[PDB]
2 protein chains.
Amino acid sequence: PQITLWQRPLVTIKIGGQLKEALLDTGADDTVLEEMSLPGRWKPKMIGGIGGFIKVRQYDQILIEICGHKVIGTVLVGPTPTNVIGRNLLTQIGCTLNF
Amino acid sequence: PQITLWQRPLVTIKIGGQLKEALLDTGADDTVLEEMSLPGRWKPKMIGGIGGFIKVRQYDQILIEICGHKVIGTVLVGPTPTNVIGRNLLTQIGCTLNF
Ligand SMILES: CC(C)(C)OC(=O)N[C@@H](Cc1ccccc1)[C@H](O)CN[C@@H](Cc1ccccc1)C(=O)N[C@@H](CCC(=O)O)C(=O)N[C@@H](Cc1ccccc1)C(N)=O
Ligand SMILES: [Cl-]
Ligand SMILES: [Cl-]
Ligand SMILES: [Cl-]
Ligand code: NA
């Protein structure tokens, strides 16, 4: 795809068979997700956003499908109103910013 | 350019007589800069992200040069940990996401 930015770059993703909605975010180093069931063990992490710091649950080696692109990586679960796909995963589908 | 995402997509911008480094951020609705002096009228605004909400000064019709484009838009100034270029200005330089 080529996605313009007149509206939020929301895309369907698929995790553990569930379809959900996530924002493609070039300003996010990491992928941060709303509360949901993830398979393995988690460790603690703190990360910073525009509003300040939050505590998250870090899960590794998680399979996500993004617009038909399979992707495996680290996913952070915490207080967010939006699922955010960050650079750690955008680099795996070959995403670039073009102008 | 075609900008890959292995590192933070930082760009030098020119605003209110000053040179700033900022983050091309497709997950941000608005442009938000670290504390600085800017010409003109401003009104207050509340914005959010990871970590919650912050209060920022909203300045309308600000001229910003980005990679040789002179664009116009609203710029917010506030206690952000980082200067961010959001979709309101990204659309104006024709920036798209591609994969
Ligand atoms: C997601 C992680 C990995 C934690 O990274 C960042 O948050 N990085 C931010 C930059 C940064 C780097 C280093 C240190 C500190 C900050 C990006 O801006 C992240 N982009 C989004 C992430 C996001 C999207 C959607 C929901 C929550 C969070 C963002 O904050 N976007 C804000 C930027 C500020 C702005 O545009 O005004 C936004 O669109 N805010 C809207 C939408 C909104 C409304 C209410 C609550 C939350 C979001 C708004 N009108 O305030
Ligand atoms: Cl990863
Ligand atoms: Cl604007
Ligand atoms: Cl366009
Ligand atoms: Na690089």
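Naming: A, B, ... by sequence-line order, numbering from 1 per chain. Just so it is clear, the values below take in all heavy atoms, side chains as well, and ignore hydrogens, waters and symmetry mates.
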Determine, for B:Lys45 against B:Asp30, whether the closest basic-nitrogen to carboxylate-oxygen distance falls under 4.0 angstrom.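 Yes.
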Under 3.5 Å, is there a donor-acceptor pair between the side chain of A:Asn88 and the main chain of A:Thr74?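 Looks like yes, one N/O pair under 3.5 Å.
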Pick one of side chain, backbone, both or neither for [X], based on which atoms fall under 4.5 Å of a heavy atom in chain B.
X: A:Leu90; value: side chain
X: A:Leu23; value: side chain
X: A:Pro79; value: backbone

Check A:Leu76, A:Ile15, A:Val75, A:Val56 against A:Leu33 for a side chain to side chain contact (heavy atoms under 4.5 Å, CB included) and give me the one that passes.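 The single option meeting the side chain to side chain contact (heavy atoms under 4.5 Å, CB included) with A:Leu33 is A:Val75.
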Test B:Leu24 against every option in B:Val11, B:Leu89, B:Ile93, B:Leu10 by the side chain to side chain contact (heavy atoms under 4.5 Å, CB included) rule and name the one that passes.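 When side chain to side chain contact (heavy atoms under 4.5 Å, CB included) is applied between B:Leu24 and each of B:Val11, B:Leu89, B:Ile93, B:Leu10, only B:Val11 qualifies.
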Out of [options], which one racks up the most heavy-atom pairs below 4.5 Å with chain B?
options: A:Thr4, A:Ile47, A:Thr91, A:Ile54; result: A:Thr91
options: A:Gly94, A:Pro1, A:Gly49; result: A:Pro1
options: A:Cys67, A:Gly86, A:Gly52; result: A:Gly52

Portion of B:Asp29 that has a non-hydrogen atom of chain A nearer than 4.5 angstrom: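 Answer is side chain: those atoms of B:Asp29 sit under 4.5 Å from chain A.
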Any chance the side chains of B:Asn98 and A:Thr96 put a donor and an acceptor closer than 3.5 Å?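 There is no such pair between these side chains.
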Students often mix this up, so state it plainly: with edges at 30° and 60°, are the rings of B:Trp42 and B:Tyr59 parallel, tilted or perpendicular?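 The arrangement is tilted - the two ring planes meet at 30° to 60°.
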